[PDB]
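J.: mmCIF, N, CA and C atoms and all ligand atoms, file start35.cif:
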```cif
data_entry
#
loop_
_atom_site.label_atom_id
_atom_site.label_comp_id
_atom_site.auth_asym_id
_atom_site.auth_seq_id
_atom_site.Cartn_x
_atom_site.Cartn_y
_atom_site.Cartn_z
N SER A 22 101.15 139.44 41.63
CA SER A 22 100.69 138.17 41.01
C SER A 22 101.87 137.61 40.03
N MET A 23 101.85 136.34 39.48
CA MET A 23 102.90 135.80 38.59
C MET A 23 103.04 136.49 37.22
N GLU A 24 101.98 136.53 36.42
CA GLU A 24 101.95 137.34 35.18
C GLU A 24 102.56 138.73 35.31
N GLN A 25 102.19 139.46 36.36
CA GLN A 25 102.60 140.86 36.53
C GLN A 25 104.11 141.07 36.55
N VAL A 26 104.82 140.26 37.33
CA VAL A 26 106.31 140.30 37.34
C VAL A 26 106.85 139.72 36.05
N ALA A 27 106.19 138.72 35.46
CA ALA A 27 106.57 138.26 34.11
C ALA A 27 106.43 139.39 33.08
N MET A 28 105.39 140.21 33.25
CA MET A 28 105.22 141.46 32.48
C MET A 28 106.26 142.51 32.87
N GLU A 29 106.41 142.76 34.17
CA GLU A 29 107.46 143.64 34.70
C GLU A 29 108.83 143.07 34.35
N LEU A 30 108.89 141.74 34.24
CA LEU A 30 110.07 141.06 33.76
C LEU A 30 110.32 141.49 32.34
N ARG A 31 109.32 141.34 31.47
CA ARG A 31 109.43 141.77 30.07
C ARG A 31 109.81 143.24 29.92
N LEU A 32 109.16 144.10 30.71
CA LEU A 32 109.48 145.53 30.74
C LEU A 32 110.91 145.74 31.22
N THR A 33 111.34 144.96 32.22
CA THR A 33 112.70 145.06 32.74
C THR A 33 113.76 144.62 31.72
N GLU A 34 113.48 143.74 30.76
CA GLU A 34 114.44 143.54 29.64
C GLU A 34 114.20 144.44 28.43
N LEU A 35 113.16 145.29 28.44
CA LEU A 35 112.98 146.28 27.36
C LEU A 35 113.81 147.57 27.54
N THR A 36 113.95 148.03 28.78
CA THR A 36 114.74 149.25 29.12
C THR A 36 116.33 149.29 28.92
N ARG A 37 117.11 148.33 29.46
CA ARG A 37 118.59 148.06 29.15
C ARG A 37 119.08 147.94 27.62
N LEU A 38 118.58 147.02 26.76
CA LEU A 38 118.58 147.23 25.29
C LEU A 38 118.32 148.69 24.89
N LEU A 39 117.14 149.24 25.21
CA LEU A 39 116.83 150.66 24.94
C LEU A 39 117.88 151.62 25.50
N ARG A 40 118.46 151.23 26.62
CA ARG A 40 119.58 151.93 27.20
C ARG A 40 120.87 151.79 26.40
N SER A 41 121.19 150.56 26.00
CA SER A 41 122.32 150.30 25.09
C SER A 41 122.13 151.09 23.79
N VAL A 42 120.89 151.14 23.31
CA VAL A 42 120.54 151.96 22.15
C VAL A 42 120.77 153.44 22.47
N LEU A 43 120.30 153.90 23.64
CA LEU A 43 120.48 155.29 24.07
C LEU A 43 121.95 155.67 24.29
N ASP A 44 122.76 154.71 24.74
CA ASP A 44 124.22 154.89 24.83
C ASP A 44 124.85 155.02 23.45
N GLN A 45 124.45 154.14 22.53
CA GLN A 45 124.96 154.14 21.16
C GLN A 45 124.50 155.36 20.36
N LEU A 46 123.24 155.77 20.54
CA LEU A 46 122.70 156.95 19.84
C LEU A 46 123.39 158.24 20.28
N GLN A 47 123.66 158.36 21.58
CA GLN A 47 124.36 159.53 22.12
C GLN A 47 125.85 159.58 21.75
N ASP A 48 126.44 158.42 21.43
CA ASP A 48 127.82 158.37 20.88
C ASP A 48 127.94 158.96 19.46
N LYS A 49 126.82 159.12 18.77
CA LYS A 49 126.78 159.78 17.46
C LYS A 49 126.61 161.30 17.59
N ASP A 50 126.51 161.79 18.83
CA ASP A 50 126.49 163.21 19.15
C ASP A 50 127.70 163.49 20.07
N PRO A 51 128.92 163.54 19.50
CA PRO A 51 130.12 163.84 20.31
C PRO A 51 130.22 165.30 20.77
N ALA A 52 129.62 166.23 20.02
CA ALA A 52 129.55 167.64 20.43
C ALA A 52 128.67 167.89 21.67
N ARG A 53 127.80 166.94 22.02
CA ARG A 53 126.83 167.06 23.12
C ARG A 53 125.85 168.22 22.91
N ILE A 54 125.44 168.42 21.66
CA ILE A 54 124.42 169.42 21.30
C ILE A 54 123.04 169.02 21.85
N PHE A 55 122.74 167.72 21.86
CA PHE A 55 121.43 167.20 22.28
C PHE A 55 121.43 166.50 23.64
N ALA A 56 122.47 166.72 24.45
CA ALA A 56 122.59 166.11 25.77
C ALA A 56 121.52 166.62 26.74
N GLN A 57 121.47 167.95 26.91
CA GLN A 57 120.60 168.60 27.89
C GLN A 57 119.41 169.30 27.22
N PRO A 58 118.36 169.65 28.00
CA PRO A 58 117.26 170.45 27.44
C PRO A 58 117.67 171.87 27.06
N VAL A 59 117.05 172.41 26.01
CA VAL A 59 117.29 173.79 25.57
C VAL A 59 116.82 174.71 26.68
N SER A 60 117.70 175.63 27.09
CA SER A 60 117.41 176.52 28.21
C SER A 60 116.45 177.63 27.80
N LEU A 61 115.35 177.74 28.55
CA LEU A 61 114.42 178.87 28.46
C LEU A 61 114.94 180.17 29.11
N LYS A 62 116.10 180.13 29.77
CA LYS A 62 116.81 181.34 30.19
C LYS A 62 117.68 181.88 29.05
N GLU A 63 118.27 180.98 28.27
CA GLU A 63 119.13 181.33 27.13
C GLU A 63 118.36 181.44 25.81
N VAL A 64 117.22 180.75 25.72
CA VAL A 64 116.33 180.81 24.56
C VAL A 64 114.90 181.08 25.06
N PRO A 65 114.60 182.35 25.41
CA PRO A 65 113.31 182.68 26.07
C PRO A 65 112.04 182.40 25.26
N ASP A 66 112.14 182.39 23.93
CA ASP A 66 110.99 182.13 23.06
C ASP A 66 110.86 180.66 22.58
N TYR A 67 111.70 179.75 23.08
CA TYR A 67 111.75 178.36 22.58
C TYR A 67 110.42 177.58 22.62
N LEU A 68 109.55 177.91 23.58
CA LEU A 68 108.23 177.26 23.71
C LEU A 68 107.13 177.88 22.83
N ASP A 69 107.44 178.97 22.11
CA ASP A 69 106.56 179.48 21.04
C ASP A 69 106.70 178.56 19.84
N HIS A 70 107.94 178.17 19.59
CA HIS A 70 108.31 177.39 18.41
C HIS A 70 108.07 175.90 18.62
N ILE A 71 108.65 175.36 19.69
CA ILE A 71 108.64 173.92 19.96
C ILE A 71 107.70 173.59 21.12
N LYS A 72 106.68 172.78 20.86
CA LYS A 72 105.66 172.43 21.86
C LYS A 72 106.05 171.26 22.75
N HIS A 73 106.84 170.33 22.23
CA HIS A 73 107.28 169.15 22.98
C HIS A 73 108.81 169.03 22.93
N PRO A 74 109.52 169.80 23.79
CA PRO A 74 110.98 169.70 23.87
C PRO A 74 111.46 168.33 24.33
N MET A 75 112.60 167.89 23.81
CA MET A 75 113.20 166.63 24.22
C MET A 75 114.71 166.66 24.06
N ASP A 76 115.39 165.81 24.84
CA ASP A 76 116.84 165.68 24.80
C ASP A 76 117.24 164.33 25.40
N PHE A 77 118.53 164.02 25.38
CA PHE A 77 119.03 162.75 25.91
C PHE A 77 118.88 162.59 27.42
N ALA A 78 119.10 163.66 28.18
CA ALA A 78 118.96 163.63 29.65
C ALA A 78 117.52 163.40 30.11
N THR A 79 116.56 164.00 29.40
CA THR A 79 115.13 163.83 29.68
C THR A 79 114.66 162.41 29.36
N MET A 80 115.13 161.86 28.23
CA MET A 80 114.89 160.45 27.87
C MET A 80 115.47 159.51 28.91
N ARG A 81 116.68 159.81 29.36
CA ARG A 81 117.38 159.01 30.37
C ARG A 81 116.59 158.93 31.67
N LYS A 82 116.07 160.07 32.13
CA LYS A 82 115.22 160.13 33.33
C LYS A 82 113.97 159.27 33.19
N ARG A 83 113.28 159.40 32.06
CA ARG A 83 112.10 158.57 31.75
C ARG A 83 112.48 157.09 31.65
N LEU A 84 113.63 156.81 31.05
CA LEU A 84 114.16 155.45 30.96
C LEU A 84 114.38 154.91 32.37
N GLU A 85 115.12 155.66 33.20
CA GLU A 85 115.39 155.31 34.62
C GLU A 85 114.15 155.00 35.46
N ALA A 86 113.01 155.59 35.11
CA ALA A 86 111.72 155.26 35.74
C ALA A 86 110.90 154.19 34.99
N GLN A 87 111.53 153.46 34.06
CA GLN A 87 110.85 152.44 33.24
C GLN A 87 109.60 152.99 32.55
N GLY A 88 109.75 154.17 31.97
CA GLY A 88 108.65 154.88 31.33
C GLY A 88 108.32 154.38 29.93
N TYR A 89 109.30 153.77 29.26
CA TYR A 89 109.12 153.29 27.88
C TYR A 89 108.61 151.85 27.87
N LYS A 90 107.33 151.68 27.52
CA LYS A 90 106.67 150.37 27.47
C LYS A 90 106.92 149.61 26.16
N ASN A 91 107.46 150.29 25.15
CA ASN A 91 107.82 149.67 23.87
C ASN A 91 108.90 150.49 23.13
N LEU A 92 109.42 149.94 22.03
CA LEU A 92 110.43 150.64 21.22
C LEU A 92 109.87 151.87 20.51
N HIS A 93 108.58 151.85 20.17
CA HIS A 93 107.95 152.99 19.50
C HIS A 93 108.00 154.25 20.36
N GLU A 94 107.61 154.13 21.63
CA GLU A 94 107.66 155.26 22.59
C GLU A 94 109.06 155.88 22.72
N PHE A 95 110.09 155.03 22.73
CA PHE A 95 111.49 155.47 22.71
C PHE A 95 111.84 156.19 21.39
N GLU A 96 111.44 155.59 20.27
CA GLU A 96 111.69 156.17 18.93
C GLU A 96 111.00 157.52 18.66
N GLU A 97 109.82 157.72 19.26
CA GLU A 97 109.10 159.00 19.19
C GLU A 97 109.88 160.13 19.87
N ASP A 98 110.42 159.85 21.05
CA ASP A 98 111.24 160.83 21.80
C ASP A 98 112.59 161.11 21.15
N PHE A 99 113.18 160.11 20.49
CA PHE A 99 114.42 160.31 19.72
C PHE A 99 114.16 161.14 18.45
N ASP A 100 113.02 160.92 17.80
CA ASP A 100 112.60 161.72 16.65
C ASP A 100 112.30 163.17 17.04
N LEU A 101 111.76 163.39 18.24
CA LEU A 101 111.52 164.75 18.74
C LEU A 101 112.81 165.56 18.86
N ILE A 102 113.87 164.93 19.37
CA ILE A 102 115.19 165.57 19.51
C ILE A 102 115.69 166.11 18.16
N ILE A 103 115.51 165.30 17.12
CA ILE A 103 115.94 165.64 15.77
C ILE A 103 114.99 166.65 15.15
N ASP A 104 113.70 166.31 15.14
CA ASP A 104 112.67 167.11 14.47
C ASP A 104 112.47 168.52 15.03
N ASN A 105 112.63 168.68 16.34
CA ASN A 105 112.57 170.01 16.97
C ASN A 105 113.75 170.90 16.58
N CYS A 106 114.95 170.31 16.56
CA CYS A 106 116.17 171.01 16.14
C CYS A 106 116.09 171.52 14.70
N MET A 107 115.62 170.67 13.79
CA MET A 107 115.57 170.99 12.36
C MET A 107 114.49 172.00 11.97
N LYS A 108 113.52 172.22 12.88
CA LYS A 108 112.55 173.30 12.70
C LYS A 108 113.10 174.62 13.25
N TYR A 109 113.57 174.60 14.50
CA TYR A 109 114.06 175.82 15.17
C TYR A 109 115.30 176.42 14.49
N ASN A 110 116.29 175.57 14.20
CA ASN A 110 117.54 176.01 13.59
C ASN A 110 117.51 175.94 12.05
N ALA A 111 118.15 176.91 11.40
CA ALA A 111 118.18 177.00 9.94
C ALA A 111 119.19 176.01 9.33
N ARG A 112 119.04 175.80 8.03
CA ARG A 112 119.78 174.78 7.27
C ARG A 112 121.30 174.95 7.20
N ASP A 113 121.77 176.19 7.38
CA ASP A 113 123.20 176.53 7.36
C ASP A 113 123.87 176.58 8.75
N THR A 114 123.23 175.98 9.76
CA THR A 114 123.74 176.02 11.14
C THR A 114 124.29 174.66 11.59
N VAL A 115 125.33 174.71 12.42
CA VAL A 115 125.92 173.52 13.07
C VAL A 115 124.91 172.66 13.86
N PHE A 116 123.85 173.30 14.36
CA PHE A 116 122.79 172.60 15.12
C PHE A 116 121.97 171.68 14.21
N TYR A 117 121.44 172.26 13.12
CA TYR A 117 120.69 171.51 12.10
C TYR A 117 121.54 170.36 11.55
N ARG A 118 122.78 170.69 11.18
CA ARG A 118 123.71 169.71 10.59
C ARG A 118 124.14 168.60 11.55
N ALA A 119 124.13 168.89 12.85
CA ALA A 119 124.33 167.85 13.88
C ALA A 119 123.12 166.92 14.00
N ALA A 120 121.91 167.47 13.86
CA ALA A 120 120.67 166.68 13.89
C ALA A 120 120.51 165.76 12.67
N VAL A 121 120.92 166.25 11.50
CA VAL A 121 120.94 165.45 10.27
C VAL A 121 121.85 164.23 10.42
N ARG A 122 123.06 164.45 10.93
CA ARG A 122 124.04 163.38 11.12
C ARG A 122 123.61 162.37 12.18
N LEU A 123 123.03 162.85 13.28
CA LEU A 123 122.48 161.98 14.32
C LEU A 123 121.36 161.07 13.80
N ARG A 124 120.49 161.62 12.95
CA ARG A 124 119.40 160.87 12.32
C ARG A 124 119.95 159.73 11.44
N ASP A 125 120.84 160.09 10.52
CA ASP A 125 121.43 159.13 9.57
C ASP A 125 122.21 158.00 10.26
N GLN A 126 123.04 158.37 11.24
CA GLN A 126 123.82 157.40 12.01
C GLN A 126 122.99 156.67 13.06
N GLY A 127 121.94 157.32 13.57
CA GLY A 127 121.01 156.72 14.53
C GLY A 127 120.05 155.71 13.93
N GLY A 128 119.70 155.88 12.65
CA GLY A 128 118.84 154.94 11.92
C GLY A 128 119.43 153.55 11.75
N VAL A 129 120.76 153.47 11.70
CA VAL A 129 121.48 152.18 11.64
C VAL A 129 121.27 151.39 12.93
N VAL A 130 121.30 152.10 14.06
CA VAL A 130 121.18 151.49 15.39
C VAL A 130 119.73 151.10 15.69
N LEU A 131 118.79 151.98 15.35
CA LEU A 131 117.35 151.71 15.56
C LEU A 131 116.80 150.60 14.67
N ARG A 132 117.44 150.37 13.52
CA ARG A 132 117.08 149.27 12.63
C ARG A 132 117.28 147.93 13.33
N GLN A 133 118.51 147.68 13.78
CA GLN A 133 118.85 146.43 14.49
C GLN A 133 118.17 146.33 15.87
N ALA A 134 117.93 147.47 16.52
CA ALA A 134 117.22 147.50 17.81
C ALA A 134 115.78 146.98 17.70
N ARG A 135 115.11 147.30 16.59
CA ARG A 135 113.78 146.74 16.28
C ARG A 135 113.84 145.22 16.08
N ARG A 136 114.86 144.76 15.34
CA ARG A 136 115.07 143.33 15.08
C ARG A 136 115.27 142.52 16.37
N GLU A 137 115.98 143.10 17.33
CA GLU A 137 116.23 142.47 18.63
C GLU A 137 114.99 142.42 19.53
N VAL A 138 114.21 143.51 19.55
CA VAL A 138 112.97 143.58 20.33
C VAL A 138 111.92 142.58 19.82
N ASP A 139 111.82 142.45 18.49
CA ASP A 139 110.93 141.46 17.87
C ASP A 139 111.39 140.02 18.10
N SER A 140 112.69 139.77 17.91
CA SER A 140 113.26 138.42 18.08
C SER A 140 113.20 137.95 19.53
N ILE A 141 113.72 138.77 20.44
CA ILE A 141 113.68 138.48 21.88
C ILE A 141 112.26 138.53 22.46
N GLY A 142 111.39 139.34 21.85
CA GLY A 142 110.00 139.46 22.29
C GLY A 142 109.86 140.38 23.48
NA NA B 201 113.01 176.19 10.30
#
```
Written as structure tokens, that's how I'd like the structure from this file.
T.:
Amino acid sequence: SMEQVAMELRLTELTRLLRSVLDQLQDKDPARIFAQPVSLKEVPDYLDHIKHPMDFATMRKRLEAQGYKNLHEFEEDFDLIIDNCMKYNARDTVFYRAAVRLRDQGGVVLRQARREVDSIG
């Protein structure tokens, strides 16, 4: 029907911005600590600690299937990447300290990304 593609149209301009955001957010992780999912072969107890694992590659797959219907859904999965790391890893570790820096530098990008989604509609 006409509305539906206008809606799918709207969804189709929500993902690329979110992608540009996902490109920019991942540029603040040059070490690639949060690129892939945490391995349950290398970390066998990881699902005792973390109930909802997330990473950039998993977000990318969901993005590629137009899974994010709004900026909030994208922001929840980006917060999971940070929040899971900072629980599992201790305060004196390169992992925790990479998640802190990604949050601080990522908040600059998500600020303007909200402004664009609201303005463009
Ligand atoms: Na902890």
J.: Hey, which residues come within 8 Å of ligand NA 201 (chain B) if we count all atoms listed in the file? Could you give them as a list in words?
T.: residues 106, 107, 108, 109, 110, 111 and 112 of chain A
J.: Quick one: distance from atom CA of residue 51 of chain A to atom C of residue 37 of chain A in Å, one decimal?
T.: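 If I compute the distance from atom CA of residue 51 of chain A to atom C of residue 37 of chain A, I get 20.7 Å.
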J.: In Å, rounded to a single decimal, give me how far atom CA of residue 95 of chain A is from atom CA of residue 64 of chain A.
T.: 25.9 Å
J.: Give me, as number ranges by chain, the residues of chain A that a backbone DSSP run labels helix (DSSP H, G or I).
T.: A: 23-47, 67-70, 77-85, 92-109, 115-141
J.: Might you pull out every residue within 10 Å of segment 85-90 of chain A, with only C-alpha atoms counted and same-chain residues fewer than 2 positions away left off, and present them as a list in words?
T.: residues 29, 31, 32, 33, 35, 36, 37, 39, 40, 79, 80, 81, 82, 83, 92, 93, 94, 95, 96 and 98 of chain A
J.: Those residues you just picked out, can you put them in a file as a PDB file, keeping the file's coordinate frame with N, CA and C atoms?
T.:
```pdb
ATOM      1  N   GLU A  29     106.410 142.760  34.170  1.00  0.00           N
ATOM      2  CA  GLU A  29     107.460 143.640  34.700  1.00  0.00           C
ATOM      3  C   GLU A  29     108.830 143.070  34.350  1.00  0.00           C
ATOM      4  N   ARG A  31     109.320 141.340  31.470  1.00  0.00           N
ATOM      5  CA  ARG A  31     109.430 141.770  30.070  1.00  0.00           C
ATOM      6  C   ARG A  31     109.810 143.240  29.920  1.00  0.00           C
ATOM      7  N   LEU A  32     109.160 144.100  30.710  1.00  0.00           N
ATOM      8  CA  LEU A  32     109.480 145.530  30.740  1.00  0.00           C
ATOM      9  C   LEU A  32     110.910 145.740  31.220  1.00  0.00           C
ATOM     10  N   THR A  33     111.340 144.960  32.220  1.00  0.00           N
ATOM     11  CA  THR A  33     112.700 145.060  32.740  1.00  0.00           C
ATOM     12  C   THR A  33     113.760 144.620  31.720  1.00  0.00           C
ATOM     13  N   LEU A  35     113.160 145.290  28.440  1.00  0.00           N
ATOM     14  CA  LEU A  35     112.980 146.280  27.360  1.00  0.00           C
ATOM     15  C   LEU A  35     113.810 147.570  27.540  1.00  0.00           C
ATOM     16  N   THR A  36     113.950 148.030  28.780  1.00  0.00           N
ATOM     17  CA  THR A  36     114.740 149.250  29.120  1.00  0.00           C
ATOM     18  C   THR A  36     116.330 149.290  28.920  1.00  0.00           C
ATOM     19  N   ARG A  37     117.110 148.330  29.460  1.00  0.00           N
ATOM     20  CA  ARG A  37     118.590 148.060  29.150  1.00  0.00           C
ATOM     21  C   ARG A  37     119.080 147.940  27.620  1.00  0.00           C
ATOM     22  N   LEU A  39     117.140 149.240  25.210  1.00  0.00           N
ATOM     23  CA  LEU A  39     116.830 150.660  24.940  1.00  0.00           C
ATOM     24  C   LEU A  39     117.880 151.620  25.500  1.00  0.00           C
ATOM     25  N   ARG A  40     118.460 151.230  26.620  1.00  0.00           N
ATOM     26  CA  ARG A  40     119.580 151.930  27.200  1.00  0.00           C
ATOM     27  C   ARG A  40     120.870 151.790  26.400  1.00  0.00           C
ATOM     28  N   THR A  79     116.560 164.000  29.400  1.00  0.00           N
ATOM     29  CA  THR A  79     115.130 163.830  29.680  1.00  0.00           C
ATOM     30  C   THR A  79     114.660 162.410  29.360  1.00  0.00           C
ATOM     31  N   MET A  80     115.130 161.860  28.230  1.00  0.00           N
ATOM     32  CA  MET A  80     114.890 160.450  27.870  1.00  0.00           C
ATOM     33  C   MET A  80     115.470 159.510  28.910  1.00  0.00           C
ATOM     34  N   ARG A  81     116.680 159.810  29.360  1.00  0.00           N
ATOM     35  CA  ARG A  81     117.380 159.010  30.370  1.00  0.00           C
ATOM     36  C   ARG A  81     116.590 158.930  31.670  1.00  0.00           C
ATOM     37  N   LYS A  82     116.070 160.070  32.130  1.00  0.00           N
ATOM     38  CA  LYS A  82     115.220 160.130  33.330  1.00  0.00           C
ATOM     39  C   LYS A  82     113.970 159.270  33.190  1.00  0.00           C
ATOM     40  N   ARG A  83     113.280 159.400  32.060  1.00  0.00           N
ATOM     41  CA  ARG A  83     112.100 158.570  31.750  1.00  0.00           C
ATOM     42  C   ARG A  83     112.480 157.090  31.650  1.00  0.00           C
ATOM     43  N   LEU A  92     109.420 149.940  22.030  1.00  0.00           N
ATOM     44  CA  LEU A  92     110.430 150.640  21.220  1.00  0.00           C
ATOM     45  C   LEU A  92     109.870 151.870  20.510  1.00  0.00           C
ATOM     46  N   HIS A  93     108.580 151.850  20.170  1.00  0.00           N
ATOM     47  CA  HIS A  93     107.950 152.990  19.500  1.00  0.00           C
ATOM     48  C   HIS A  93     108.000 154.250  20.360  1.00  0.00           C
ATOM     49  N   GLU A  94     107.610 154.130  21.630  1.00  0.00           N
ATOM     50  CA  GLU A  94     107.660 155.260  22.590  1.00  0.00           C
ATOM     51  C   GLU A  94     109.060 155.880  22.720  1.00  0.00           C
ATOM     52  N   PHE A  95     110.090 155.030  22.730  1.00  0.00           N
ATOM     53  CA  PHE A  95     111.490 155.470  22.710  1.00  0.00           C
ATOM     54  C   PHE A  95     111.840 156.190  21.390  1.00  0.00           C
ATOM     55  N   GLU A  96     111.440 155.590  20.270  1.00  0.00           N
ATOM     56  CA  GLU A  96     111.690 156.170  18.930  1.00  0.00           C
ATOM     57  C   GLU A  96     111.000 157.520  18.660  1.00  0.00           C
ATOM     58  N   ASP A  98     110.420 159.850  21.050  1.00  0.00           N
ATOM     59  CA  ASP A  98     111.240 160.830  21.800  1.00  0.00           C
ATOM     60  C   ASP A  98     112.590 161.110  21.150  1.00  0.00           C
TER      61      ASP A  98
END
```
J.: Quick one: distance from atom C of residue 127 of chain A to atom N of residue 48 of chain A in Å, one decimal?
T.: 10.2 Å
J.: Return the single residue from A:76, A:115, A:50, A:126 that is closest to residue 103 of chain A, with distances computed using only N, CA and C atoms.
T.: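 Among the listed residues, the smallest separation from residue 103 of chain A belongs to A:76.
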J.: Would you place a box with edges along x, y and z of the file around all atoms of segment 94-113 of chain A listed there, add 3 Å to each of its six sides, and report the centre and edge lengths in Å to one decimal, as JSON?
T.:
```
{"center_x": 115.7, "center_y": 165.6, "center_z": 15.0, "size_x": 22.3, "size_y": 28.9, "size_z": 21.5}
```
J.: Please check which residues have atoms at most 6.5 Å from (113.2, 165.6, 23.4) in the file's coordinates, counting all atoms listed in the file, and write them as a VMD selection string.
T.: chain A and resid 73 to 77 80 98 to 99 101 to 102
J.: Point out the residue among A:78, A:114, A:38, A:28 with the least atom-to-atom distance to residue 56 of chain A, counting all atoms listed in the file.
T.: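 Going through A:78, A:114, A:38, A:28 one by one, the smallest distance to residue 56 of chain A is for A:78.
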J.: With only C-alpha atoms as the basis for distance, which of A:30, A:46, A:68, A:23 is at the shortest distance from residue 132 of chain A?
T.: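 Ranked by minimum distance to residue 132 of chain A, first place goes to A:46.
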